[PDB]
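This report refers to the structure that appears directly beneath it.
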Amino acid sequence: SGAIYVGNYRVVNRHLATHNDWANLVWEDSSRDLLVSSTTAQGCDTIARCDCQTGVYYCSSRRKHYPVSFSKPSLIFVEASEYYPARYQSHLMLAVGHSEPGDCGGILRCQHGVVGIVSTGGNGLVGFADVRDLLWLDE
Ligand SMILES: CSc1ccc(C2CC2)cc1CC(=O)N1CCC[C@H](C(N)=O)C1
Ligand SMILES: [Zn+2]
């Protein structure tokens, strides 16, 4: 679990979305595993506008923050699961680091702010759903 709260938006994994999120849908994308919904309260997370390749992510399965070197956003194949069939997930960034299924939603941050959220993982790797390109989150 985990979400990004910027202004009047809530950014979560599309596969972990709730009824409120779908009843107040702004935008959703299965290939990115992102869903953005409406909120009345004014969130304060700063989204990064950058091309950083080093950051810090939160791992709830270890109760720790970890520094990671991560890849550039790309179409990386994700094996079929209970939420999605086998496919390439766009805007995904990989890193060598610990990851477990309940880790989805954990924030990734650099000096510029929020980069993305834990979306995939396994075999000693962790994948992040990038949000730096969603310029409408601030406006
Ligand atoms: C941090 S999630 C994770 C971590 C470790 C593992 C274990 C080492 C295998 C597996 C996973 C699950 C996984 O990657 N997905 C299931 C939920 C939907 C995700 C998607 N965005 O398509 C894909
Ligand atoms: Zn940055």
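The sequence shown maps to residues 869 to 1007 in UniProt numbering.
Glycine included, each C-beta is placed from N, C-alpha and C at the ideal position.
Could you tell me which residues DSSP pairs with residue i in its beta bridges?
| i | result |
| --- | --- |
| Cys912 | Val874 |
| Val879 | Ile872, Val904 |
| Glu1007 | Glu1007 is not bridged to any residue. |
Compare the Cα-Cα distances from residue i to each of the options and report the closest residue.
| i | options | result |
| --- | --- | --- |
| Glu947 | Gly970, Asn892, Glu896, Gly989 | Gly989 |
| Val904 | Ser898, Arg878, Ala916 | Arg878 |
| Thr914 | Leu993, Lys932, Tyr873 | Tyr873 |
| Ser928 | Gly981, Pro969, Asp1006 | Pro969 |
| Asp998 | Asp889, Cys912, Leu884, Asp919 | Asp919 |
| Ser958 | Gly875, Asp897, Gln979 | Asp897 |
Hey, would you say residue i sits closer than 8 Å to residue j, going by beta carbons?
| i | j | result |
| --- | --- | --- |
| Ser949 | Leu960 | no |
| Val924 | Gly965 | no |
Quick check on DSSP: helix, strand or coil for residue i?
| i | result |
| --- | --- |
| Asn888 | helix |
| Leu993 | strand |
| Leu1002 | coil |
Length at least 4, wholly inside the segment 902-990: the alpha helix (DSSP H) runs in chain order: Correct list: empty.
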